[PDB]
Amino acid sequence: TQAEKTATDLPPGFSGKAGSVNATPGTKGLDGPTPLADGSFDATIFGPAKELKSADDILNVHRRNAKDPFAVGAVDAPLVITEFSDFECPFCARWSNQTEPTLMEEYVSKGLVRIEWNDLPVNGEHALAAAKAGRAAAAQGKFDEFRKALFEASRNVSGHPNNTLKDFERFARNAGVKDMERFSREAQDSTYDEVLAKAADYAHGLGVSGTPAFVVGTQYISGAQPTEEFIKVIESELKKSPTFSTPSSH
């Protein structure tokens, strides 16, 4: 033939990026999370969009909450990735350092995927302290930057870094947190105790048994699996659900 064929459907194992190329990017929430009245952000956000009662409710884990400082990407992206993670976990660090940046480049930056963080501290006192510090950073709109700085500092650590207050403060500075007095206070006091307890209870109610864990659209993935696996699941989910429209009733 003296023509360029239009792409036709292939078995999913050889479909490449057909899913994402046919998907419709989200156009809302591109400027990040919506602030509270005082200009800060709601760092008490956790949990699902709605209670899950059965496997049919799997999409309920994705909040799509425009006020959520723990989310990156369009609030109306056609695919959401819900992540359960621990700041002391080396598999969580590896996913953040090695997999997340390609997902940002290929999908999140294009409006195709939203990634939402959920706390699941499994590693004891340093993990809980890190999660409190993460919420303190989120209150000032710097969660993603704080998270990236913390995990970058763990890039060569095969165990737990055992981070403490001075470490969290450095990551906050790296992240550009403006009010360090508020950060240091909220990273240590009772501000986020209740929400962190509730977030852990929520994850345990789903049966999440280790970190990191992901719900990619409708599919569960446990652990820092190879980047290529996340890509295949993302492409499959985007082929199945190429568009998202916020319900008018909301």
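Each residue number is its position in the shown sequence, starting from 1.
Higher mean CA B-factor, judged across 103-111 and 70-78 from the recorded values: 103-111. Taking the PDB entry as given, 29-37 carries the higher mean Cα B factor of the two stretches 188-196 and 29-37. Residue 129: CA B factor lies in the lowest third for its chain, per the PDB record. Annotation for residue 154: CA B-factor lies in the middle third of the chain's modelled residues. In this PDB entry, the Cα temperature factor of residue 174 sits in the top third of its chain's modelled residues, the highest group. For residue 165, the recorded CA B-factor ranks within the middle third of the chain. Only modelled residues enter the ranking.
Ranked by Cα temperature factor within the chain, residue 218 sits in the middle third according to the deposited record.
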